[PDB]
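Enquirer: sequence first, structure after, both from an experimental entry:
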Amino acid sequence: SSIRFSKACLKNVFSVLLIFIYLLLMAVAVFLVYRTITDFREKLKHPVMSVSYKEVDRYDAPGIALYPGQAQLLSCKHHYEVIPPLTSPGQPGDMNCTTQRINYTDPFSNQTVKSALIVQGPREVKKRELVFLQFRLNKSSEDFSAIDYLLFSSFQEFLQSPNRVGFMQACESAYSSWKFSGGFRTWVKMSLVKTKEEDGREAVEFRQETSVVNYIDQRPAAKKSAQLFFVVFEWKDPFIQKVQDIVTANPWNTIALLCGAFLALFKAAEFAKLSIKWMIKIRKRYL
Amino acid sequence: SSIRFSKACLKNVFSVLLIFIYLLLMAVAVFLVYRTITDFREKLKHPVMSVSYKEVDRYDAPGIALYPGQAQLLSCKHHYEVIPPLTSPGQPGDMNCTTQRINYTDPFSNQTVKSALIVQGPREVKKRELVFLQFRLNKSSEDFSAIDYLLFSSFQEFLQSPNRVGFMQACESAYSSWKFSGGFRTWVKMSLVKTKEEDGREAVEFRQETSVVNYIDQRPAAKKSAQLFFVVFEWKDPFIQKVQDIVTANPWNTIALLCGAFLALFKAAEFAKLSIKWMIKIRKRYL
Amino acid sequence: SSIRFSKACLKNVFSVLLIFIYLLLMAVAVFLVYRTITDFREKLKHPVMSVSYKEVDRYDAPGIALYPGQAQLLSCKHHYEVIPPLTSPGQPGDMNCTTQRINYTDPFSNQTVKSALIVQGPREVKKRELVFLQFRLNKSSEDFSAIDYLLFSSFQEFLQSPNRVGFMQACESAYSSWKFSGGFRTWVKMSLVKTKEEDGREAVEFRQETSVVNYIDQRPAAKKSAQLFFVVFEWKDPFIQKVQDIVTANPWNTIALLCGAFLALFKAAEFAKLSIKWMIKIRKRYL
Ligand SMILES: *[C@@H]1O[C@H](CO)[C@@H](O[C@@H]2O[C@H](CO)[C@@H](O)[C@H](O)[C@H]2NC(C)=O)[C@H](O)[C@H]1NC(C)=O
Ligand SMILES: *[C@@H]1O[C@H](CO)[C@@H](O[C@@H]2O[C@H](CO)[C@@H](O)[C@H](O)[C@H]2NC(C)=O)[C@H](O)[C@H]1NC(C)=O
Ligand SMILES: *[C@@H]1O[C@H](CO)[C@@H](O[C@@H]2O[C@H](CO)[C@@H](O)[C@H](O)[C@H]2NC(C)=O)[C@H](O)[C@H]1NC(C)=O
Ligand SMILES: *[C@@H]1O[C@H](CO)[C@@H](O)[C@H](O)[C@H]1NC(C)=O
Ligand SMILES: *[C@@H]1O[C@H](CO)[C@@H](O)[C@H](O)[C@H]1NC(C)=O
Ligand SMILES: *[C@@H]1O[C@H](CO)[C@@H](O)[C@H](O)[C@H]1NC(C)=O
Ligand SMILES: *[C@@H]1O[C@H](CO)[C@@H](O)[C@H](O)[C@H]1NC(C)=O
Ligand SMILES: *[C@@H]1O[C@H](CO)[C@@H](O)[C@H](O)[C@H]1NC(C)=O
Ligand SMILES: *[C@@H]1O[C@H](CO)[C@@H](O)[C@H](O)[C@H]1NC(C)=O
Ligand SMILES: *[C@@H]1O[C@H](CO)[C@@H](O)[C@H](O)[C@H]1NC(C)=O
Ligand SMILES: *[C@@H]1O[C@H](CO)[C@@H](O)[C@H](O)[C@H]1NC(C)=O
Ligand SMILES: *[C@@H]1O[C@H](CO)[C@@H](O)[C@H](O)[C@H]1NC(C)=O
């Protein structure tokens, strides 16, 4: 009796189930062909990459592979406010810092062993956290008051990574080395750029806009006169700049093109069936 | 008589009206769902943003919140050509400049009141306009020949904005502060990056590539020997770098995905009706 | 006999030929309308451009338009390793370099003739190639130990370009000039940004993150005391940053939108035919 009437609603619910099953079939189809696109993009070298910024509230505290060598750290003290207060130059102490000394061999050197110091840099951008590393060095024949410094992604990873020697060589091969001057401060407003490799590894690079400021020799005011170094590391922007393959990093566009492509193939097949019918009518007109 | 023949053209014009009304319906549909997408993207925090350059012929003259404090401006003179001509160091005058002195409290300080000077920076990029601000400072205990400087979007806005104290605190919270050295020029080839917030406010940041050049003490050649400061502000590139939410800044792509989505739902519903007919034929084959 | 049976396969092959011919027709259609979009985008001024990185294994060795003028080059020697070894300051020789001296008139000057030196900069990024140009200059009245330097795309082009004067003026109009200090090294980790103009010309710009490091006067240790200059040019990143019109540089997205548009017009026309049939049924219900 009422089954004949409820057959309409049953057919309607079966119809919506058909809608959604064909949606899921089309979705898995575009998913598979897009996975094929991605796994082919992987196989090729040097793909045109996009750019993408991701505003971050607090960074991951990075490493600062200072290369003092013969020099020594004189003071390390984070400073929330944007102003590092008055100091006492040439006087050690106040090394309120979390450092590690690591030795390794530079791959490009492969014959020179250099000693590296590490520092947990600033991680609170909005708070304007900045680490002030003050150094000192008695006169040497280096002809240049210079010590280098690297910058890798996160210090927590360097703590929680085995084989720190190899990871240090890896972060040395990275394009984020720099040499801050000796004899005056070098405010280093670093910023991060995370590139995703074709293999998938998240290689990181930094992009620092230094601002050197002279060091008044009236402050030391001593007959010691040893080249003493200063840095202020802080984050320029809260926009971590990640880049990846143009298609992979913005999939919702290549999948849009793939839906366009499949729908166009479908539609053009429907139009071709219509054209077959039209040609059949034209042939029947000949008789 | 002829009405029966003109009925064909009437039906054709009504048909094209149907084409365009269904186009406008589909357009308002994708517009509404895309507005929903945007107003949801607003609700979330830290969305992956795109990047976009917009070549500009003439910039808006920006503010340069110089923080001399105890120091004083010695000369300000724009220079169209790429070369600032020979000067007379240590001699005031020629302050051919449009400055304003503003006092406020730094939010991170909140207990230190600092005095700020403002300068209408260069706005003609192609002409290579560059403002040369020359300073001077008698010896202090600051231990560092340093005065800071900010950079906000436009000086015309700072003129036409009420409550300059609050706007100055806001532009101070921005990530565009810098400290140019004292004792030698600091060519500051600044460039602008306008980020659009999730709320919609157009936050601006600068990205300066300084190039410090030493100041030959043979030029002053006086027993005064006061740390005197120099800057040359100019625009690096004419490409103002604006960034916004990946979807919002490039809508023509997410709307393309939405047209793909609606057309795919339509088509898959048509295919599901075809499958219903096929299943009905299969059931009729059973009898 | 068997022709009646093979007619099915013949119709099927003709059908697939219809599929592909209508695909090619639709493809040429979207190609033509997209070419129209591009040739209109050309006609307009200042289009919002995208950004795109392209990892490069070896750069094209660029020119370094050093402007010493009265000064002189003291040593030029590429160095694969990341370390320039110990030197002998103030002593000429070892100019293991490929330079050219070119004279021209600065367009903004148009009355001052300046002499330019060119250097084949580093081109091997992964090898960390870096050119160290050491200079010297006896005391002058320039009041500033400064000599400028430009950076254009490739030195091979400057060798293989006629009218080097005009090309030098063109690369001078480019936004890639800089002034490295005198009296201490200036490590210049340059990087390249190739912008594609609306006309189509591939304008190049550089983006250098210098890192000045002081020059210990204990190394010269002579009563000569002439301001002598130092630079170390190397590539910051292997990601050449090319930018072009938002649509032109990423066509596969605007063509996706165009396929969406054409398919939507088609579908909405089909739906309008269905609505015509529905209105005809509604009118027949009136009788
Ligand atoms: C890492 O290398 C540094 C030098 O590059 C080593 O420093 C030496 O440390 C010992 C202490 O055991 C001192 O007696 C030596 O005088 C130091 N060398 C010099 C040249 O002064 C250091 O030992 C190495 N290992 C570690 C773990 O730091
Ligand atoms: C803004 O602050 C500055 C100092 O930060 C004030 O400078 C003082 O100006 C008065 C003039 O009325 C002088 O007599 C004082 O000597 C200045 N101070 C110092 C420490 O020298 C200034 O008055 C404040 N207001 C304005 C509008 O600039
Ligand atoms: C390019 O300009 C430079 C100066 O800007 C010229 O240098 C002169 O070279 C001659 C050699 O023929 C010397 O006798 C002069 O003393 C140099 N000038 C000065 C001021 O010292 C140079 O000749 C010009 N042409 C070329 C091809 O370099
Ligand atoms: C570093 O400073 C903090 C301030 O909160 C203090 O608690 C800590 O003991 C200091 N570390 C050393 C080694 O003095
Ligand atoms: C690195 O050093 C080793 C010595 O153990 C040597 O055999 C190898 O050739 C060197 N490689 C390079 C690239 O210099
Ligand atoms: C550097 O010289 C000073 C001389 O005042 C001396 O006190 C200090 O110990 C020396 N540095 C080192 C690391 O020995
Ligand atoms: C600044 O220079 C311009 C040059 O056009 C001149 O007209 C103006 O009077 C000068 N201002 C002052 C205060 O001398
Ligand atoms: C700012 O200063 C006021 C004093 O009026 C104080 O009450 C407030 O706690 C301070 N805020 C911060 C964040 O230091
Ligand atoms: C700085 O000292 C000089 C001494 O020659 C003096 O003329 C000048 O007035 C002083 N500066 C100020 C701001 O008083
Ligand atoms: C430069 O150095 C290379 C080292 O391979 C050498 O072959 C060449 O002769 C040198 N050039 C000059 C002019 O000495
Ligand atoms: C460039 O110099 C020429 C002299 O031959 C002069 O006629 C012309 O007006 C100048 N152009 C500019 C823009 O200064
Ligand atoms: C600079 O002066 C020195 C004096 O020792 C002289 O030997 C040298 O030739 C001078 N430079 C030039 C370019 O004449």
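Expert: That came through fine. Numbering: from 1, shown residues only, chains lettered A, B, ... in the order given. Ligands and ions are numbered 1, 2, ... in the order given.

Enquirer: mind listing what residue A:85 touches?
Expert: residue A:79 (CB atoms under 8 Å, 6 or more residues apart in numbering or on different chains). To be clear about C-beta, it is placed using only N, CA and C from the backbone, and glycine gets the same treatment.

Enquirer: swap in residue A:149?
Expert: Residue A:149 touches A:64, A:65, A:66, A:67, A:177, A:178, A:179, A:180, A:231, counting by CB under 8 Å, 6+ apart.

Enquirer: hang on, residue A:100 in a strand?
Expert: Yes: counting by DSSP: H, G, I helix; E, B strand; the rest coil, residue A:100 is part of a strand.

Enquirer: now do the strands in the stretch 51-200 of chain A.
Expert: A:52-55, A:66-67, A:72-79, A:99-105, A:113-119, A:130-136, A:146-149, A:178-181, A:184-190, A:192-196 (DSSP state E, counting those that start in this stretch).

Enquirer: right, and the ones you listed - which one's nearest residue C:31?
Expert: Each of the strands of the stretch 51-200 of chain A has some distance to residue C:31 by CB to CB; the shortest is strand A:52-55, at 29.4 Å.

Enquirer: so which elements touch that closest one?
Expert: Using 3 or more CB pairs under 8 Å, 6 or more residues apart in numbering or on different chains; DSSP states H and E, the elements in contact with strand A:52-55 are strand A:239-243.

Enquirer: could you redo the last one with a cut-off of 10 Å?
Expert: Packing contacts for strand A:52-55, counted by 3 or more CB pairs under 10 Å, 6 or more residues apart in numbering or on different chains; DSSP states H and E, involve strand A:192-196, strand A:239-243, strand B:192-196, strand B:239-243, helix B:246-249.

Enquirer: does the last one reach chain A?
Expert: Spelled out, it's helix B:246-249. Yes: using CB under 10 Å from any CB of the partner chain, we find that helix B:246-249 touches chain A at B:246, B:247.

Enquirer: which residues are contacting that helix?
Expert: Here helix B:246-249 makes contact (CB atoms under 10 Å, 6 or more residues apart in numbering or on different chains) with A:50, A:52-54, A:249-250, A:252-253, B:34, B:37-38, B:40-42, B:47-52, B:196, B:198, B:200, B:242-243, B:253-255, B:257, C:48, C:246.

Enquirer: next helix or strand past the helix or strand hosting residue A:28?
Expert: With secondary structure defined by DSSP states H and E, residue A:28 is part of helix A:2-43. For helix A:2-43, the following helix or strand on the C-terminal side (DSSP H and E) is strand A:48-49.

Enquirer: report whether that following strand contacts chain C.
Expert: Yes: Strand A:48-49 is in contact with chain C by CB under 10 Å from any CB, via A:48, A:49.

Enquirer: next, count neighbours for residue A:21.
Expert: 13 (other CB atoms under 10 Å in any protein chain shown).

Enquirer: which residues touch it?
Expert: Per CB under 10 Å, 6+ apart, neighbours of residue A:21: B:268, B:272, B:275.

Enquirer: residue contacts, the closest residue to residue A:261 other than its chain neighbours?
Expert: Leaving out its chain neighbours, the residue that sits closest to residue A:261 by CB to CB, 6 or more residues apart in numbering or on different chains is residue C:259, at 7.3 Å. Counting by CB under 10 Å, 6+ apart, residue C:259 makes contact with A:256-257, A:259-261, A:263-264, A:267, B:256, B:259-260, B:263, C:26-27, C:29-30.

Enquirer: ok, residue A:83 - how many residues close by?
Expert: Residue A:83 sits with 15 neighbouring residues when counted by other CB under 10 Å.

Enquirer: thought it was touching residue A:128?
Expert: Yes: assessed by CB atoms under 10 Å, residue A:83 is found in contact with residue A:128 at 9.1 Å.

Enquirer: any common contacting residues for the two?
Expert: In contact with both residue A:83 and residue A:128: residue B:108, using CB under 10 Å, 6+ apart.

Enquirer: quick revisit: distance from the chain centre to the helix holding residue A:28, please.
Expert: 37 Å (CA atoms, centre = their mean, to the nearest Å).

Enquirer: do the same with stretch A:143-158
Expert: 17 Å.

Enquirer: tell me the buried residues in that stretch?
Expert: A:143-155, A:158 (16 or more other CB atoms under 10 Å in any protein chain shown).

Enquirer: what residue in chain A comes nearest to ligand 9?
Expert: residue A:218 (15.1 Å; CB to the nearest ligand atom).

Enquirer: which one is that residue nearest to, not counting chain neighbours?
Expert: Spatial nearest neighbour of residue A:218, chain neighbours left out: residue B:139 (6.5 Å); criterion: CB to CB, 6+ apart.

Enquirer: wait, doesn't that neighbour sit right on residue A:216?
Expert: Yes: the criterion here is CB under 10 Å, and residue B:139 meets it with residue A:216 at 8.1 Å.

Enquirer: who's more crowded, those two?
Expert: Neighbours of residue B:139 and residue A:216, each counted by other CB under 10 Å, are more numerous for residue A:216; the result is 21 against 12.

Enquirer: and that one, how far is that from ligand 3?
Expert: From residue A:216 across to ligand 3, the span is 38 Å (CB to the nearest ligand atom, to the nearest Å).

Enquirer: looking at chain A, which residue is nearest ligand 12?
Expert: Counting by CB to the nearest ligand atom, chain A gets nearest ligand 12 through residue A:143, at 19.8 Å.

Enquirer: now do the contacts for that residue.
Expert: C:86, C:87, C:88, C:89, C:185, C:215, C:216, C:217, C:218, C:219, C:220, C:221.

Enquirer: helix or strand for the last one, which one?
Expert: Using DSSP H and E, residue C:221 is not contained in any helix or strand.

Enquirer: what is the burial count for it?
Expert: Residue C:221, neighbours per other CB under 10 Å, totals 11.

Enquirer: quick one: it and residue C:89 touch, right?
Expert: Yes: contact criterion CB under 10 Å: residue C:221 and residue C:89 qualify, at 9.0 Å.

Enquirer: residue in the stretch 101-250 of chain A nearest to chain B?
Expert: residue A:219 (3.5 Å; CB to the nearest CB).

Enquirer: so what's that residue up against?
Expert: So residue A:219 contacts A:86, A:87, A:88, A:89, A:90, B:141, B:142, B:143, B:144 (CB under 10 Å, 6+ apart).

Enquirer: how does it look with 8 Å?
Expert: Applying CB under 8 Å, 6+ apart to residue A:219 gives the contacts A:89, B:141, B:143, B:144.
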